[PDB]
Every structure is written in C-alpha cells, then in structure tokens.
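Here we start with a single chain on its own, the form deposited in one PDB entry, put down as structure tokens.
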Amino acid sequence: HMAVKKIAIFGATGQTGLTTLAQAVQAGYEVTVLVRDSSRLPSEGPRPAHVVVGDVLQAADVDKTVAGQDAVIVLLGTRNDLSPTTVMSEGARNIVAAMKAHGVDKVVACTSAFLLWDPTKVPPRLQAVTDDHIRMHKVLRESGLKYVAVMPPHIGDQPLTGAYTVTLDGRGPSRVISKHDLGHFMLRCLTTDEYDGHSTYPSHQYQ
C-alpha cells in the first residue's frame, strides 16, 4: 500500500545494516543500497532491488543512491576501527545535499547514545568515533530535513522481538539493543512522523 516504498540504505553491509536490509526486503520495501564492495552483500542472503557500487565520500555516488527514493536509512560506521574519522559526518553532508536536490525529506540515521551523555563521561577510547557522531548529528539537525536521530546503546546479537522500549530525548532503562531490534526500529520510523525532530534511544531486556 506503499506510502514509503523505495528506500536507500547506507551501511547496509554492516552489523545492523544486514538485518535491516533483510527485514526491509521481507516487509516489501524496494531497497537501494550503496556498497563499497558487492562481495559484502551475502550471496545467499536477500537481494536489494538496486545496488550502487561506490563510496559515501563521493557526492556523485550518494546522489545516484538517493535519486528517486521516498526515504533514507543511515547505518554508516567504521566497524571496530576507533581511529579519528569523518566518514559519517562527511557522508551525512553528502546525503543531506542529495536529499535536498531530489526532494527526499525523511532520514532515519543512527549515531549513538553517547550523544545523550555528559560528554566528559564518554570512554576515552570511544571519543574519536563519538566526535564524528556529534559532527554527523549536527549536520542532520541543521539540515531542516525530517530527521529521526536514533541513538542506541550497545548493539548486541539477541533476537528480533519488536518489544523494545523507545525512550524519547533521553537515556532509556536498559543498556543494550539487539541489532535486529535496532533495524526493526529504523524501519518503524518510516511509518510514523512521531519521532521526527527527536532523539530516540531503543533498548530492551532480552529474556
């Protein structure tokens, strides 16, 4: 019945991206992914409708990915690399410009629950990556787009439940969210305007 039907997913080959992609395909979305390496997509796994091979640091590649979409999901990250980086904030800059040029309004983007923390209490080893989450959140907040700021705590390997808590504009009662539940939530944000302009912290107790 397709109010939102065509979506771009950035970071679809990552931990959360892969299950977000699987869930999106099963839910009937027509998914376009931007991937650096097509081999990162599972050969047996569910196939997106459209693959763009390129880099989020090329405006041209982002433009090709955002063209014609109804909404954008952002799950960019640096895997376990804790080095100083601007890939997420610069990627978000390109995504914002592409959305504005192509008339896409809705962006659901994952940073981190550390953006709800006292900034001085972030573990030093995570500060470089958190610094770029901060830069990225500022890019998206200042864009004027309909931006849902997803700020998860630890991403785990527990099941899909669809039963997690969503805390608005503050830290939630648990310190973990499964990658499957986080992906479920990213997609849920496509079906409602209630989180637009808010920060959201999904979390759950797996039992």
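Counting begins at 1, following the sequence as shown. If you superpose the two forms and keep the largest set of C-alpha atoms that fall within 1.5 Å, you have the rigid core.
Colleague: If you average the CA temperature factors over each stretch, which comes out higher, 40 to 48 or 175 to 183?
Modeller: In the deposited entry, the stretch with the higher C-alpha B-factor mean is 40 to 48.
Colleague: Decide which of the stretches 127 to 135 and 114 to 122 has the higher mean C-alpha B-factor, going by the entry.
Modeller: Per the PDB entry, the higher value belongs to 114 to 122.
Colleague: Looking at the C-alpha B-factor values in the deposited entry, which of 155, 148, 31, 27 comes out highest?
Modeller: Across 155, 148, 31, 27, the entry lists the biggest C-alpha B-factor for 27.
Colleague: Of the three thirds of its chain by CA temperature factor, lowest, middle or highest, which one includes residue 56?
Modeller: For residue 56, the deposited C-alpha B-factor lands in the lowest third.
Colleague: Residue 15: which third of its chain by C-alpha temperature factor?
Modeller: For residue 15, the deposited C-alpha B-factor lands in the highest third.
Colleague: Comparing residue 94 with the other modelled residues of its chain, is its CA B-factor in the lowest, middle or highest third?
Modeller: Answer is lowest: the recorded C-alpha B-factor places it there.
Colleague: Quick check on the deposited entry: does the C-alpha B-factor of residue 67 sit in the lowest, middle or highest third of its chain?
Modeller: According to the entry, residue 67 has a C-alpha B-factor in the chain's highest third.
The same protein also exists as the form deposited in another entry; that form is not shown, yet it is the one meant from here on.
Colleague: In a fit on the core, which one among 171, 138, 64, 36 has a Cα that moves 2 Å or more between the shown form and the other one?
Modeller: Of all the options, the C-alpha that shifts by at least 2 Å belongs to 171.
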